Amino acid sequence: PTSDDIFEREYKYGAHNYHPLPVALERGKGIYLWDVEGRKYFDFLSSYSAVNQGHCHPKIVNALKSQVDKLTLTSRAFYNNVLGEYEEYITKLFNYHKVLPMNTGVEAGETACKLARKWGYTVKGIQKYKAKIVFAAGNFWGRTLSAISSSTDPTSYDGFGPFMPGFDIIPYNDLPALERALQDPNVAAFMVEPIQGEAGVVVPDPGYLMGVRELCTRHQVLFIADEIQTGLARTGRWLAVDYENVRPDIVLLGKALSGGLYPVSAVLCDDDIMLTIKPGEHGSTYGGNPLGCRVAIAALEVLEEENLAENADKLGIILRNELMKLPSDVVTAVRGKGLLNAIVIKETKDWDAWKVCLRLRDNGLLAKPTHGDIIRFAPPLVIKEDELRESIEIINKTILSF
């Protein structure tokens, strides 16, 4: 089974909704990935920041192994002995009254939208089905019809049919626009990434998140922080909103909540919001199952025990300082926080970000462009300074190779 055999088999039998970088991995550990021919690569994508803990982290693997012989799925029609322990752990970790467990990032987002509308109708007092949710241009929170209904990316929404009403879009990093939107008392929530990941690591100006908090509070609007990609130590803090000391009304976690071992996502908020949803009014077959819950407890413990936020902070400072040494008639922008970083590749009609990632792959480093000309650099947070130095050398010699 060769890489080309793998490419062709997927092309024949799988949908073509992805165009992946041509590399075929069969193993991963820590910061490293191996393809089927045995070549080794630095992972600088981390599955979009889902493997913050590194691939196949042994403590998470052992949690999964311990629970899978015991009990894996009851559905929430019954109780089991694991879900409560996890719920107590994660609500006490992030200091919210309650958690609503789901599986994928987009499901946590859908759940937040449902809580915001329910809260708007039953607490704020909006007349039924006039509630609005505001989003920021550039946002990505998944691919359901609701989620693409808030997207400004034509590839997400075009051809996918009438869109969800009550979803309004304002520019990112634009407080007066948010103030203007929040003039309308029918607005129930503003959902926003503290740093926009799929948009290309778009870091807003300092004080943006503080102003969001103050505007949402002043207008009695729920502040929903999507931290599915920025949370869990990726940017150098437990939540990226910790950089500004801001407390969202709802927090979304996913991705790294499981170390990549299991689709686990979380909706955290206080009772005044969460309990707007009554028994039978929301759910998911796999949401809150014992296996994902054991995996999630272990994944969070790893983030804490190994001090991965502080490592991400220090190493991100180093990586950004080395990337800013790149020439600028080639790299026109370097941005990021912690180990969520990007560069912007001045795309001639001679070379582009894709060619850059193909040559990075040839030199043993795996990264993928987004929105054409942006290259994200987002390695697992267990990377060491010497490993980061070697990877930076790969990046330098590749960029300069063009």
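Heads up: residue numbers just count along the shown sequence, starting at 1. Only the largest set of C-alpha atoms that superpose within 1.5 Å between the two forms is called the rigid core.
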- Higher Cα RMS in 8 other deposited structures of this protein relative to the shown form (core alignment), 366-374 or 45-53, goes to 366-374
- When the rigid core is fixed in 8 other deposited structures of this protein, C-alphas move more for 36-44 or 347-355; answer is 347-355
- For the higher mean C-alpha B factor in the entry, choose 171-179 or 320-328. 320-328
- Message: Highest mean C-alpha temperature factor of the two stretches 79-87 and 311-319, which is it?
- Response: 311-319
- Listed options 226, 281, 242, 305: highest C-alpha B factor recorded at 305
- Quick tally, chain-level thirds of C-alpha B-factors: residue 68 sits in the lowest
- Item | Ranked C-alpha temperature factor of residue 301 among modelled chain residues, by third | highest
- Cα B factor band for residue 94 (lowest, middle or highest third within the chain): middle
- Message: Which third, lowest, middle or highest, does the C-alpha temperature factor of residue 218 belong to within its own chain?
- Response: middle
- If you rank the chain by CA B-factor, which third does residue 254 end up in: lowest, middle or highest? middle
